[PDB]
Amino acid sequence: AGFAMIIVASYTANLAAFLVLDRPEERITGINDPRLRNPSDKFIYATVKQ
Amino acid sequence: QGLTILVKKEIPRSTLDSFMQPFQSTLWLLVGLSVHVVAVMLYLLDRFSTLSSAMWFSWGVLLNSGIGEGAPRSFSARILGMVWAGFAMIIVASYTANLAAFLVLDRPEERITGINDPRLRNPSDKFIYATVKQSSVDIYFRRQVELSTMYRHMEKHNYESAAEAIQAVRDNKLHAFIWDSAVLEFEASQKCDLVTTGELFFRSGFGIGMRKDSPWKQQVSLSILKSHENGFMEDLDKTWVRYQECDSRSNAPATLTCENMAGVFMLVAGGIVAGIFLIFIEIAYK
Amino acid sequence: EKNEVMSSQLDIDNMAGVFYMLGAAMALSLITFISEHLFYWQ
Amino acid sequence: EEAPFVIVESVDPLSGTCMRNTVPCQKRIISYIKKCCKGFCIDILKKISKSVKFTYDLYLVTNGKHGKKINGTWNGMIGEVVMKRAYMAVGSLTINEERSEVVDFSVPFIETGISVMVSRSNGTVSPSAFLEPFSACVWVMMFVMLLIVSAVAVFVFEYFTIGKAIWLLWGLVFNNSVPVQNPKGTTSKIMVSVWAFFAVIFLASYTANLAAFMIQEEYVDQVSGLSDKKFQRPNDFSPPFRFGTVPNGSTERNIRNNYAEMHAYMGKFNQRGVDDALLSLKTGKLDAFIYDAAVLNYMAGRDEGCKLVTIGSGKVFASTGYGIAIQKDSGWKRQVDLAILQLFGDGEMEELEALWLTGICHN
Amino acid sequence: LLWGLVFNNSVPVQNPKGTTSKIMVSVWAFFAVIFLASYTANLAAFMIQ
Ligand SMILES: *[C@@H]1O[C@H](CO)[C@@H](O[C@@H]2O[C@H](CO)[C@@H](O)[C@H](O)[C@H]2NC(C)=O)[C@H](O)[C@H]1NC(C)=O
Ligand SMILES: *[C@@H]1O[C@H](CO)[C@@H](O)[C@H](O)[C@H]1NC(C)=O
């Protein structure tokens, strides 16, 4: 039974962990977000012509 | 090498205070009352178609035990007990949630990082730091226009003895100290309670000096390079600046000690003695 | 970004409905007991 | 040509050579063809040309070698300042013993060595965690507490029992899930209630603390430097140990001369180019990469896949620096040295670092 | 019994019997435990906003 407790305990711990570091993405902040030093292909952005 | 700041470690295992902490006394007493409330409610519903037995049942189902054989005999007593237990679950659940929360945001302090940590734009009284009296590092202080303000604050408690700055942080009077690295990274590895700040400040390295154009100027530097090509300085370092080879740190999970957990054992002993205080009571009442 | 709370203790107002639903169930029990005292005719 | 330290660029079809803040670089290179060269060494050369007299124009290389020697005929980079076709040369050029004999060097300005690159393997949240969340205090505390309260239960029952009693009370703590029997007597029941209220908070506190150890995750495969067993034993521990280099490199001659004992193992792992390597790594085709960290550092803070980091930095193969070439037994060195030293004396090195040396993953 | 099972199944009860349906009850219990665990897991996050 001692072992038995550990299983469900660890289960709670892990499932909690999966919901705290569940941070999808940080929204881009200003010009100086260095993702916009040189961008990738998964993030498009521009201005209007002229 | 470069320039770097010395700090004292944290001794992290200092987090918890008690166990009644996450609530507030109000809620404690309130739920203690409400349990008797629903107890007598059930019993009065029972008399109108078991009293102490019913109170046992209810005040027990909180603490997950199984003592007591009672049950609801009516229909409404049953329809009540269900949501009673539903409520019961919520209490311990929230308790887990809160106590977890108290251990995740349990971040004592962030160690100071480099010169540009704006705490050292102008410091408070709870963080002292300076250089040694007349140490040449001050030369880059005054020759660089910015740190003048810091230079005034740095001039506050300048410890004039270089061999005493280690003691100054070792006495907790000082906590951080500005200096060169290649001595600090050796000093931290004596006892792991003294740590660096990791941020390199001013890029330069040492060397050998000869009077102007010795016959041995262009000569020995070839050796000092070639010697540095195979393994020499690395091994010599590991034999001279790797004493105790200590690792740095983590944001420690801060395992709990008896010293801040044992509070419940006081209640254990209290229940121990309440036993003998109650022993003769029921015998005499019979 | 806004730093986070240091895990304050818990207090009553936070646990707002956790007693109101209790009292509501209690009143439901009262009306069911009324229904019981009523059903003595069927 | 370079790593990012020296970037070439074509000519603007409208304004001829190209835009500002960039020195042209054109010559009768292949068969005269043009380009303009912008980058770090560019700005260093410009600040030098400021304080001292003017320079000549630029030039690029045909022998392709970063400075390799063969048959006494040094081919490539240095190979052009031995015939004094160029009075000196610049760019990201290493500093060794072989190259030092022919021509001289400036005082170096950027520290450098040879380090290791590998994807940050997830690899571990905890090797062993179950016992971590508690000190040995509370465990023996609980044991002595049960061992005495069992006796108190037996000896409050004086006014089937003993073994079953300890059985029940032990089982109580861990979820009290095991079905049991024999509680009785309206005197000791309250004691059991006490022990249960203790057990519930105990379990809750336990799982609470344990819900934190999974939020440290200081994962590291701290494979030590080039004196490592996995290096010493390239096949005694796993099949897919596959190092990687690019020969015709100063690093290559160094590693050969020192560690022929495994250099023969390496020859099966010579790629083409430099970014081919990082690609092969991002596919896991290659296990670990080794090269001068002078470019690995920069390449780190460039990719979104922040797993591409080094093992413990600084503790690298050999501490050398980047310098500036100069023809042997000339006079300029005495001035140029003081020049770059005064440059250090203005702090502008940190400025040009922030110009293009920072990386997103420097946190 | 089956209601009480979910919330910690703490309430003392009786009358399971018959070697045919017991396994169904086992199923429901294995469901209940993961249910509770998931619940308290998610709830262990709302206090971190
Ligand atoms: C190192 O440099 C040599 C010489 O540039 C490279 O070898 C050559 O490939 C060309 C292409 O046809 C041949 O004409 C040469 O004869 C080859 N040289 C030799 C010595 O065989 C070689 O590939 C380079 N290797 C690396 C790792 O850079
Ligand atoms: C780490 O994350 C990557 C990304 O999904 C995954 O492919 C890899 O298997 C994980 N573990 C290790 C040890 O790299």
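Observations on the structure shown:
- Consider segment D:254-293 and keep the residues that are more than 12 Å from ligand 1 (Cβ to nearest atom), part of a loop (DSSP other than H, G, I, E, B) and not basic (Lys, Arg). The one that is nearest to D:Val223 (Cα to Cα) is D:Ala288.
- When residues of segment B:78-106 are limited to those that are at the interface with chain C (Cβ under 9 Å from one of its Cβ atoms) and in contact with a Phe, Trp or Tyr (Cβ under 9 Å, 6 or more places away or on another chain), the one nearest to E:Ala45 (Cα to Cα): B:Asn98
- Residue selected from segment A:1-17 under the condition surrounded by fewer than 13 Cβ atoms within 10 Å (Cβ to Cβ) and more than 7 Å from chain D (Cβ to nearest Cβ), by the criterion farthest from B:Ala93 (Cα to Cα): A:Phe3
- Test for B:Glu109: is it surrounded by fewer than 13 Cβ atoms within 10 Å (Cβ to Cβ), part of a loop (DSSP other than H, G, I, E, B) and within 11 Å of another protein chain (Cβ to nearest Cβ): no
- Taken as a whole, the condition of being within 16 Å of ligand 2 (Cβ to nearest atom), within 14 Å of another protein chain (Cβ to nearest Cβ) and out of contact with any strand residue (DSSP E or B) (no Cβ under 6 Å at 6 or more places or on another chain) applies to D:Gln222.
- Selection status of A:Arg27, among the basic types (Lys, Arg) and more than 8 Å from every other protein chain (Cβ to nearest Cβ): yes
- Search result, residues across segment D:167-181 that are facing chain A (nearest Cβ under 9 Å), assigned to a loop (DSSP other than H, G, I, E, B) and among the hydrophobic types (A, V, I, L, M, F, W, C): D:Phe174, D:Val178
- Scope segment D:99-140; condition buried (at least 16 other Cβ atoms within 10 Å of the Cβ) and either within 16 Å of ligand 1 (Cβ to nearest atom) or within 16 Å of the chain's Cα centre (by Cα) (or both); matching residues: D:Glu111, D:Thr112, D:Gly113, D:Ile114, D:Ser115, D:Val116, D:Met117, D:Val118, D:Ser119
- Only listed residue being in contact with a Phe, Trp or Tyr (Cβ under 7 Å, 6 or more places away or on another chain), aliphatic (A, V, I, L, M) and within 23 Å of B:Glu69 (Cβ to Cβ), chosen from D:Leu169, D:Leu226: D:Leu169
- The set of residues in segment B:45-56 being part of a helix (DSSP H, G or I) and more than 9 Å from chain C (Cβ to nearest Cβ) consists of B:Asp46, B:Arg47, B:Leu51, B:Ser52, B:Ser53, B:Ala54, B:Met55, B:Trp56.
- When D:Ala153 is tested against (1) farther than 25 Å from D:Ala318 by Cβ; (2) of a type outside the set (S, T, N, Q); (3) within 46 Å of the chain's Cα centre (by Cα); (4) not in a loop (DSSP other than H, G, I, E, B), exactly one condition is not met: (3).
- Per-region count, segment B:227-261, residues more than 7 Å from chain D (Cβ to nearest Cβ), outside any helix (DSSP H, G or I) and closer than 30 Å to D:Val138 by Cβ: 6
- Hey, D:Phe237 more than 7 Å from chain B (Cβ to nearest Cβ), touching a helix residue (DSSP H, G or I) at 6+ places or on another chain (Cβ under 9 Å) and of a type outside the set (S, T, N, Q) or not: yes
One line per residue, one yes/no per condition, for (1) of a type in the set (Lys, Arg); (2) over 54 Å from the mean Cα position of the chain (by Cα); (3) within 16 Å of ligand 1 (Cβ to nearest atom):
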| position | (1), (2), (3) |
| --- | --- |
| D:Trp167 | no, yes, no |
| D:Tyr206 | no, no, no |
| D:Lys230 | yes, no, no |
| D:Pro234 | no, no, no |
| D:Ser238 | no, no, no |
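- Only a single criterion out of (1) under 19 Å from the mean Cα position of the chain (by Cα); (2) within 16 Å of ligand 1 (Cβ to nearest atom); (3) within 14 Å of chain B (Cβ to nearest Cβ); (4) not small (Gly, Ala, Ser) is not satisfied by D:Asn297, namely (2).
- Of the residues in segment D:82-91, not one is within 16 Å of ligand 2 (Cβ to nearest atom) and outside any strand (DSSP E or B).
- Scoring D:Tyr59 on the criteria (1) more than 16 Å from ligand 2 (Cβ to nearest atom); (2) under 30 Å from A:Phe3 (Cα atoms); (3) not aliphatic (A, V, I, L, M) leaves a single failure, condition (2).
- Selection from segment B:242-271 of residues that are surrounded by 14 or more Cβ atoms within 10 Å (Cβ to Cβ) and among the aliphatic types (A, V, I, L, M): B:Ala252, B:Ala254, B:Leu256, B:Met261, B:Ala262, B:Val264, B:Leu267, B:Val268
- Residue match in segment D:241-253 (condition: assigned to a helix (DSSP H, G or I), more than 16 Å from ligand 2 (Cβ to nearest atom), small (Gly, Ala, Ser) and surrounded by fewer than 15 Cβ atoms within 10 Å (Cβ to Cβ)): no
- Flag if A:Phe43 is within 18 Å of E:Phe30 (Cα to Cα) and surrounded by fewer than 12 Cβ atoms within 10 Å (Cβ to Cβ): no
- Candidates in segment D:103-132 are the residues that are aliphatic (A, V, I, L, M) and more than 14 Å from chain A (Cβ to nearest Cβ); of these, the one that is farthest from ligand 2 (Cβ to nearest atom) is D:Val103.
- Residue satisfying condition, being surrounded by 12 or more Cβ atoms within 10 Å (Cβ to Cβ) and within 16 Å of ligand 1 (Cβ to nearest atom), within set D:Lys68, D:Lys34: D:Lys68
- Filter result (closer than 18 Å to D:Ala151 by Cβ, among the aromatic types (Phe, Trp, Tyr) and buried (at least 17 other Cβ atoms within 10 Å of the Cβ)) within segment D:167-208: D:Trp170, D:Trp195, D:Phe198
FYI, it's all coordinate maths here, none of it is from the lab. Cβ atoms come from the backbone with ideal geometry, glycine included; neighbour counts cover every protein chain shown.
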